[PDB]
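Next up: just one chain, as structure tokens, the form deposited in one PDB entry.
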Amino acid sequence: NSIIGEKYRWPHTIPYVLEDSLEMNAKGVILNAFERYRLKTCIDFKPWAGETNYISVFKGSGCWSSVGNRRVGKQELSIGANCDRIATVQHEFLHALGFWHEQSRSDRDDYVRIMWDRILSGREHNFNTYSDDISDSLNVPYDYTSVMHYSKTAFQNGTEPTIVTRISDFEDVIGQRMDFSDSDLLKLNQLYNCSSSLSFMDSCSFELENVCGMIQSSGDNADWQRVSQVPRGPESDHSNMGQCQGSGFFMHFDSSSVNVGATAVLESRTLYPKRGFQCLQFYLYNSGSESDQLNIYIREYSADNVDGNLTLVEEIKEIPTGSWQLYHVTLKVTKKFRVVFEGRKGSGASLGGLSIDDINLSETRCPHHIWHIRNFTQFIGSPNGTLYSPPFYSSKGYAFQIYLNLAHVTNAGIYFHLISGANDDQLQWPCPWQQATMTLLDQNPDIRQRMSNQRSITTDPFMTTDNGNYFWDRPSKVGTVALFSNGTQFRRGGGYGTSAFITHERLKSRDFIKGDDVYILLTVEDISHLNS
């Protein structure tokens, strides 16, 4: 898989240029791909400032790259039309770092079979195999789930698969373009001696007695307890549900047996931010009343006061009861800090308490909005799987709504719709360069192990429809009348996304669907500044 030679290695922080030829959506997508590298690898990207060799992104004839550092000088990397997929970018950058395709391994013939007669005439070289003389597999077994593996249909001349995996269960698995596989990182971080990443800070699932070094101080009246179940709720932790009950722990704040006003605190260990922006996330179960609350503080340690500056960052009230809920808190800490979790019994008859599990902290930007879809399994493949998201407001006052279509026998589609909002009389029409990213969260306990499915579209203010109208014009001009959940009419502008966001088999894989719930993490941002 990897090319052999110390000359085909890039410096850990790669100099890049994002040439104007690139699409606005492409420029945007590329940067989000750089963030997946920063979060999961020791590879970083810095804008070129005179370094002899550097990668040069650009709308070329497709999407491609040379394998490894060719020490040419300006090394080109195409992101032409239909390349502004994130995992396409993560894939063409893995070529640049020194990787060939998965099916180009020396051992490949024992795992997959190449149906040579079904390939397009003259396209044989796209199915090359490299001997361990120039290709090092780095002692990792053959990976079907690789982000560098072709799909069963690559270069097909007809409706028949050119790459038949010898084991039948993996014939559709090959070709995934959601995120890096666990083996993809295993080889990359081995190749580049990656011991630490830029964005990763902490992951806590409480499956160990030392509970990630979380202390509790002199926990007032009550404290948090590492339990594997609470009689009223939940029956199990969040990290392992239909897998194992007791084999899986979480922290619990029993509010049923304490007085009104009683608080219990759980303080993390010292964390050292290296960016100044963080996303603290976690799953909360409420078993008591809606009156109980979970406040969050940040204890920042300045040199003037060695006892910290406790600052209330977010207060979580009215937690829905009898279900684990995903919460995202936006931080902006610059000094060594601790995260303080404070459960607080409200003035309401509680028969349980607050349960917390699967805590992740990264130096990433929180989603602007989240769509929690409950009772998910039955919508897949059903003609009534036409889900519409709650209405949301962009950071620029643009109202929107997401459409999830799961009626197709095989694929699932997502669409971005603008809608009439309160600020419409003050907004710029047509909608200029707002990039909407929709991500289907892989609900894995570890954030370093999530292969969440991400798509982005950028509102082009010059796009027209068959009637000569602007596609992203004011929804009250070019839009169709739709109903809100309360029956109030609204105007919904045209949808725009993809018919193949995820296959139904991929959606049913990994943890995208946990506890029959699904989460669509939404970020709409003005990327107009990327050109000039």
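When you see a residue number, it is the position in the sequence shown, counting from 1. So that the term is clear: the rigid core is the largest set of C-alpha atoms that superpose within 1.5 Å between two forms.
Same protein, other form: the form deposited in another entry, not shown, and the subject of what follows.
Against the rigid core, a Cα displacement of 2 Å or more between the shown form and the other one applies to just one of 209, 304, 117, 425. Which?
Among the listed residues, the outlier is 117.
Once you overlay the rigid core, does the Cα of residue 330 travel 2 Å or further between the shown form and the other one?
After core superposition, the displacement of the residue 330 C-alpha between the shown form and the other one stays below 2 Å, so no.
Hey, does residue 314 budge by 2 Å or more at the Cα between the shown form and the other one once the core is superposed?
No, shifts by less than 2 Å.
Relative to the superposed rigid core, does residue 220 relocate between the shown form and the other one - that is, does its Cα move 2 Å or more?
Yes, because once the rigid core is superposed, the C-alpha of residue 220 moves 2 Å or more between the shown form and the other one.
Closer or farther: how do the Cα atoms of residue 212 and residue 219 compare in the other form versus the shown form, where the change is at least 3 Å?
Residues separate in the other form, at least 3 Å farther apart.
Closer or farther apart in the other form, the C-alpha atoms of residue 219 and residue 322, for a change of 3 Å or more?
Between the C-alphas of residue 322 and residue 219, the gap widens in the other form (3 Å or more compared with this form).
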